[PDB]
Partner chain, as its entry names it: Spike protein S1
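Quick heads-up: it's one chain on its own, the form solved without the partner chain, in structure tokens.
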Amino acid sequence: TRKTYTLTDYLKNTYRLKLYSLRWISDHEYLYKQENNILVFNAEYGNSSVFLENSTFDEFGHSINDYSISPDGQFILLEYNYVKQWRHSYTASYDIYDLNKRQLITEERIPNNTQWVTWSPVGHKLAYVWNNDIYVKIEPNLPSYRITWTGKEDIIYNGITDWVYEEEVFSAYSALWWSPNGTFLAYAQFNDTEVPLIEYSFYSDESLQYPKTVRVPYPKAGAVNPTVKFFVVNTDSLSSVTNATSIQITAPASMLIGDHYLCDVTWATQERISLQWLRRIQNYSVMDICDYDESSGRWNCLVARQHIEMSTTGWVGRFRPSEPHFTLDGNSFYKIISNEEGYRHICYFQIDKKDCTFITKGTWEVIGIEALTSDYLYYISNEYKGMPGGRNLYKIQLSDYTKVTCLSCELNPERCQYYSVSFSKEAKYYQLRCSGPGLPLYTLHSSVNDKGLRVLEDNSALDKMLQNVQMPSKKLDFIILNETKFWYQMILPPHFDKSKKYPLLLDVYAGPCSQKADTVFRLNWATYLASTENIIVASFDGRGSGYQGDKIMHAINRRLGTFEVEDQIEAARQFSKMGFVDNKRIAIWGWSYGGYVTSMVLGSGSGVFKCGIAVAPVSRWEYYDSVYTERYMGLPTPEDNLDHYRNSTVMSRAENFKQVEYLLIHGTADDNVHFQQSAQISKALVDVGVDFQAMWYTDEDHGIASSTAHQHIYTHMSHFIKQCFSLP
């Protein structure tokens, strides 16, 4: 009898998915790591050479975390002493290696405790942030030029984001943007002077006698937000003037009237930059298009080139206004925007005309614009077979919009329905990355003729291993509720028999723009639960879910903890109606927003669920950050939406927890969803005399991602689910 996919298989990564991570260095070459060696590949022929031997840094004295080759291929930036901070941020030591001289640069070194470093996009200039100030090095062995003198720990951030901008706005620590040829360096400055601090203990190693108090400027819903300014400096002037001026680009008057955010920075040309600003009430955004004025040395943003993007039904963008993709001359751009029917499509703008032209349309959505050439625009969408959980690459002819080719749809339709893509520097080649429903498949293609050059990684080694395992299957389908299709997925036990009643676990995210029903192949906890424990693991995309238009996505506008919660309860009722579910053994679990939804469901008094697990849940919207929370909730004030902020807490439902078995889990060093959120849930349960199970994870953050904690959490949860379902 074939073995099943066990918890130890999941925890020890016995069945490993192979990836094919390449780094394009030009229009026809990419770097790839094979046995610690960095190889350089010719995309056209597939032949390779050793770019940098695995022995090169044996006597370096430090474990090299990562590398970055300069665009001109003359130098390599070596990253070591990697100290992780938030989701994207970290600090590190850096050394530069001269590839021609085959020697390490020992003079004018990048200082220790550097926050961020980036090469210019052409050549080998460097911009780095140290002690919250910006520095530029024209040459790697030459002294740096200081750009800002205002940097102040937890107060003034130059060229790096504060906590909330990193997590919720830029999805990056960097707040610097080199112009295309590296002449200009644009950057943002954040001022957190009056932003309140979240404070929590950090225990550290057992040797630390007194716990440390971590203090982070973090605006919770309705609190004082950071303020922002934007500047551009001419880096070519640095060696000629003692102190090059950083020219400020001010936000438009429509933004200056109140609290706002800088939400996008995109260079259009060597002398034209676009900025998108967003009001604190995130249903109004403005794009400014600013030109360098050679005579005054200033940047001017013509009101005739200003573009407004607003929403009457919700917020702007999926998580923020989309980025523009400029034509070469910078006179027009393409941008994903919500059309009249509420579907996200590509609109084509002239920089000085306010009405744009939709180039795509239909009851499906464009996910992202991937590449733009003089002849074609390449994008990913879920158009294929009307499956919102599928992803394919398309090519649209710019001279004729009726000419739209699906590049990936028919390559392997049974195996591959979810693609991402990586184009070479001037889109001469593309790597397709198929991630499901079959095993991931990595392929290389030439853009000149859309022909498949070769298979880079087909996961044949894993396919051979999986043949000896009783793997679960995955069903992706939909149910019709109020004449609307709502998609779901089920991870089904091997030898699934519709005449048997199986215990069911509802795996929840359900946040705005979430998508838990898709065609991706995964080897995860659900794989073990279905394979070894014979539990069906189901997910459902209800109201508030993404990629299906604004009628569905904006259904929870100003009303988090309502329809998306009710729809999970209804999903379990619908799954019961299917006949293969044991109604006495329905559980629910989720992490982060999924933990908030799980807790709201367990506290609903629905009687549908026996038990559930909430990991790092939000419990009260006033505890979560301003940028995310307010996007959907507005402000927690009597004039705005306070009544709903107060009505949508987990704590108010404490009495209903007497009806369920609950396991509450949270990392003590969670900088994102503060441990406070679970500490308030537990106190409310204690106050009404509800027994429940709890687990804190010392010094673990939002991901509970350390090797040991990850294994511990999944082991603890597996015992809990098995006990709930009376499984030995």
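Positions refer to the first chain, counted from 1. Shifts are known only where both forms have a C-alpha. We call the rigid core the largest set of C-alpha positions that still match within 1.5 Å between the two forms.
Novice: Check the entry's C-alpha temperature factors for 490-498 and 354-362, then say which stretch has the higher mean.
Specialist: Here the higher of the two C-alpha B-factor means belongs to 490-498.
Novice: Should the higher mean CA B-factor in the entry be assigned to 531-539 or to 588-596?
Specialist: The stretch with the larger average C-alpha B-factor is 531-539.
Novice: Compare the CA B factors listed in the entry for 132, 246, 574, 327 and report the winner.
Specialist: Among 132, 246, 574, 327, the highest C-alpha B-factor in the entry belongs to 574.
Novice: Checking the entry, which one of 106, 619, 269, 209 has the top C-alpha B factor?
Specialist: In the PDB entry, the greatest C-alpha B-factor among 106, 619, 269, 209 is found at 106.
Novice: C-alpha B factor of residue 660, ranked within the chain: lowest, middle or highest third?
Specialist: Middle third - that is where residue 660 ends up once the chain's C-alpha B-factors are sorted.
Novice: Taking the C-alpha B-factors as the PDB entry records them, is residue 609 in the lowest, middle or highest third of its chain?
Specialist: Residue 609: CA B-factor falls in the middle third of its chain.
Novice: Looking at the entry's B-factor column for C-alpha atoms only, identify whether residue 400 ranks in the lowest, middle or highest third of its chain.
Specialist: Highest third.
Novice: Based on the entry's values, in what third of the chain does the Cα temperature factor of residue 344 lie: lowest, middle or highest?
Specialist: Within its chain, residue 344 is a middle-third residue by C-alpha B-factor, going by the deposited values.
Novice: Split into thirds by Cα B-factor across the chain's modelled residues, where does residue 391 land: lowest, middle or highest?
Specialist: Ranked within chain, residue 391 CA B lands in the lowest tercile.
What follows is about the form solved in complex with the partner chain, which we do not show.
Novice: Any of the heavy atoms of residue 305 lying within 4.5 Å of the partner chain in the bound PDB entry?
Specialist: No.
Novice: Flag residue 279 as yes or no: does it have a non-hydrogen atom within 4.5 angstroms of any non-hydrogen atom of the partner chain in the bound PDB entry?
Specialist: Yes, residue 279 lies within 4.5 Å of the partner chain in the bound PDB entry.
Novice: Does at least one non-hydrogen atom of residue 252 fall within 4.5 angstroms of the partner chain in the bound PDB entry?
Specialist: Although the partner chain is absent here, residue 252 would touch it in the bound PDB entry, with heavy atoms inside 4.5 Å.
Novice: Should residue 241 be counted as a contact of the partner chain in the bound PDB entry, where contact means heavy atoms within 4.5 Å?
Specialist: Because no heavy atom of residue 241 falls inside 4.5 Å of the partner chain in the bound PDB entry, the answer is no.
Novice: Within 4.5 angstroms, counting heavy atoms, which one of the listed stretches 414-422, 125-133, 308-316, 72-80 is next to the partner chain in the bound PDB entry?
Specialist: Contact criterion met by 308-316 only.
Novice: Quick one: from 248, 357, 405, 339, grab the residue that has a heavy atom within 4.5 Å of the partner chain in the bound PDB entry.
Specialist: It is 248 that has a heavy atom within 4.5 Å of the partner.
Novice: Would you kindly say which of 353, 298, 501, 428 lies with a heavy atom within 4.5 Å of the partner chain in the bound PDB entry?
Specialist: So the residue touching the partner chain in the bound PDB entry, by this definition, is 298.
Novice: To test your reading of the superposition: with the rigid core aligned, which of 468, 637, 399, 240 moves its Cα by 2 angstroms or more between the shown form and the other one?
Specialist: With the rigid core fitted, the residue that moves is 240.
Novice: Mind listing the moving segments between the shown form and the other one, meaning three or more residues in a row, each Cα shifted 2 angstroms or more, core aligned?
Specialist: In sequence order there is one run that relocates between the shown form and the other one, which is 239-241.
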